[PDB]
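Whatever order the structure lists ligands and atoms in, that order sets their numbers, starting from 1. Note that the numbering runs from 1 along the sequence shown for the chain.
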Amino acid sequence: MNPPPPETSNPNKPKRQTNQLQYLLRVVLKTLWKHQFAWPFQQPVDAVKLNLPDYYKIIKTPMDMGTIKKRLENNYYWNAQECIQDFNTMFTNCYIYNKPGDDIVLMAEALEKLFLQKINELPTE
Ligand SMILES: CC(=O)c1c(C)[nH]c(-c2nc3cc(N4CCN(C)CC4)ccc3[nH]2)c1C
């Protein structure tokens, strides 16, 4: 069964737009989105659809790139590090829920490498 998805707006949280956050949307996210292994990560895990009734019994800080995309579009983040932490949560959830060698984990590892490659150098202020 499904909990509510992570919030993509929060009127009590301050917003910010920075060159690094613009980069994270326009280049990092939008490039990862097009990768052949991106599709498991483009939306929150639907435990009912996927017949994974235990997913949210294990994963208590769920995150996906669709949520991150909407957060970036809504200037939800204060800085790039906050956004990068959401990516890191998404990858780590996949490693927690699954086990090494699983097909989904191979997909997450490949995307994580590409993600790190792209955030190695960010624009300046
Ligand atoms: C448990 C785990 O780590 C995991 C993650 C992070 N994701 C998925 C997953 N995500 C999916 C997305 C689809 N879709 C098919 C339809 N298409 C248009 C887009 C949506 C189908 C099956 C999926 N399985 C699993 C099993």
Side-chain angles (χ1 to χ4, degrees):
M1 190 168 189
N2 287 318
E7 70 186 11
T8 53
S9 58
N10 183 335
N12 281 326
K13 188 179 191 296
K15 294 185 170 182
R16 207 169 174 235
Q17 185 69 289
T18 69
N19 292 331
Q20 297 189 350
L21 285 165
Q22 292 178 294
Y23 185 85
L24 284 171
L25 179 57
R26 177 188 67 86
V27 61
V28 179
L29 189 277
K30 278 190 170 69
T31 305
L32 282 179
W33 194 270
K34 300 173 177 303
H35 191 281
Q36 62 171 317
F37 296 157
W39 60 267
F41 306 102
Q42 288 172 337
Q43 60 285 308
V45 172
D46 185 333
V48 176
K49 168 86 178 181
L50 297 171
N51 312 317
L52 301 177
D54 75 309
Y55 185 78
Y56 294 108
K57 302 187 168 66
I58 303 288
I59 298 305
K60 304 301 178 182
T61 312
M63 185 56 55
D64 64 283
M65 291 202 294
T67 300
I68 295 169
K69 186 173 172 292
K70 292 177 182 180
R71 284 176 176 196
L72 283 164
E73 289 171 342
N74 287 116
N75 301 310
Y76 173 93
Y77 297 113
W78 185 255
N79 59 23
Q81 187 174 13
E82 190 179 357
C83 178
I84 290 165
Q85 287 159 356
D86 276 355
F87 274 99
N88 278 330
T89 296
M90 172 185 81
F91 294 125
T92 63
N93 289 341
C94 184
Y95 305 143
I96 290 171
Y97 182 75
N98 299 286
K99 51 203 304 200
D102 288 355
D103 276 352
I104 189 54
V105 163
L106 302 181
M107 299 170 85
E109 287 156 358
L111 287 174
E112 186 182 8
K113 276 178 202 187
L114 185 59
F115 171 72
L116 286 175
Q117 198 170 289
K118 285 175 187 312
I119 66 159
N120 195 267
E121 272 193 1
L122 297 178
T124 58
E125 312 300 324

Under-4.0 Å protein heavy-atom contact, [atom]:
atom: atom 21 (C) of ligand 1; answer: yes
atom: atom 9 (C) of ligand 1; answer: yes
atom: atom 24 (N) of ligand 1; answer: yes

| query | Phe37 vs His35 aromatic rings, parallel, tilted or perpendicular, using cut-offs 30° and 60°? | reply |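 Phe37 and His35: tilted rings.
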| field | Parallel, tilted or perpendicular: rings of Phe87 and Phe115 (30°, 60°) | value |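 Answer is parallel, since the angle falls under 30°.
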Nearest to [atom], what protein heavy atom do you find, and at what distance?
atom: atom 12 (C) of ligand 1; answer: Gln43 NE2, 3.3 Å
atom: atom 15 (C) of ligand 1; answer: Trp39 CE3, 4.9 Å
atom: atom 3 (O) of ligand 1; answer: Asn98 ND2, 3.0 Å
atom: atom 5 (C) of ligand 1; answer: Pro40 O, 3.6 Å

| message | Any donor-acceptor pair under 3.5 Å linking the side-chain atoms of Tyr97 with those of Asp54? | response |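 Side chains of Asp54 and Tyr97: pair found under 3.5 Å.
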| For ligand 1, is there an N or O atom under 3.5 Å from any N or O atom of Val45? |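 In fact, backbone or side chain, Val45 has no N or O that close.
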| request: Closest by any non-hydrogen atom to atom 26 (C) of ligand 1: pick that one out of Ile59, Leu52, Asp64, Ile104. | output: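 Going through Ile59, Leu52, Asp64, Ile104 one by one, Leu52 has the nearest heavy atom to atom 26 (C) of ligand 1.
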Element-labelled atoms of ligand 1 that are located less than 4.0 Å from some non-hydrogen atom of [X]:
X: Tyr97; value: 1 (C)
X: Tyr55; value: 1 (C)
X: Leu50; value: 9 (C), 22 (C), 23 (C), 24 (N)

| request: Please report the closest heavy-atom contact between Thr89 and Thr92, naming both atoms and the distance. | output: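 What the structure gives for the nearest pair is O-OG1, 3.0 Å.
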| Side chain, backbone, both or neither: which part of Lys49 comes within less than 4.0 Å of ligand 1 when only heavy atoms are counted? |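 Within the 4.0 Å criterion, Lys49 makes no contact with ligand 1.
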| task | Record the part of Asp46 in heavy-atom contact with ligand 1 below 4.0 Å; permitted values are side chain, backbone, both and neither. | result |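 Looking at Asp46 and ligand 1, no heavy atom falls under 4.0 Å.
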